[PDB]
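When we follow PDB author numbering, the leftmost residue of the first sequence carries the number 51, and every step to the right adds one.
What follows is a set of notes on a single structure, which appears directly below.
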Amino acid sequence: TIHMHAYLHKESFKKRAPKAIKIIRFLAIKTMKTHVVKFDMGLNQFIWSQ
RNA sequence: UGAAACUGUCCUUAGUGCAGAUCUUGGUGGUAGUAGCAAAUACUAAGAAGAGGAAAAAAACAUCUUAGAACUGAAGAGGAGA
């Protein structure tokens, strides 16, 4: 579970959802050690729901 | 180095000697990898094509399809004419 409010606190509004995708990609890199990270379609849609 | 013309002496002739003219024409520096590439709300994900996203995150990736999110808001960023 990613406490995204810690990363997107006081962030520019037009760069919240795009920066959410960047943060997740960094956590997958620091964990699975793989640079090739592919997002599911559902995960992208949830991030942009709001 | 260069590959087909040239030189010395005496007279004669002159469009005859350049550092300057904000000189003319052309070429080139420091400035300097500097000032900048900041109006028009905004893009993200998967796939295809392509030499062209690689990687010790090189954090960004043009085009097309689908999905999400959006803008012009109908005296329009629509459809048509002089």
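For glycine and all other residues, C-beta sits at the position ideal for the given N, C-alpha and C.
- A direct Cα-to-Cα measurement between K83 and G92 gives close to 23 Å.
- Leaving aside the five residues that flank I97 on each side, the residues in its chain whose CB is nearer than 6 Å to its CB run, in chain order, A67 and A70.
- Taken through DSSP and simplified to helix, strand or coil, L77 comes out as helix.
- Taking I73 as the centre and dropping the five residues before and after it, the same chain places the C-beta of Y57 closer than 6 Å to its C-beta, in chain order.
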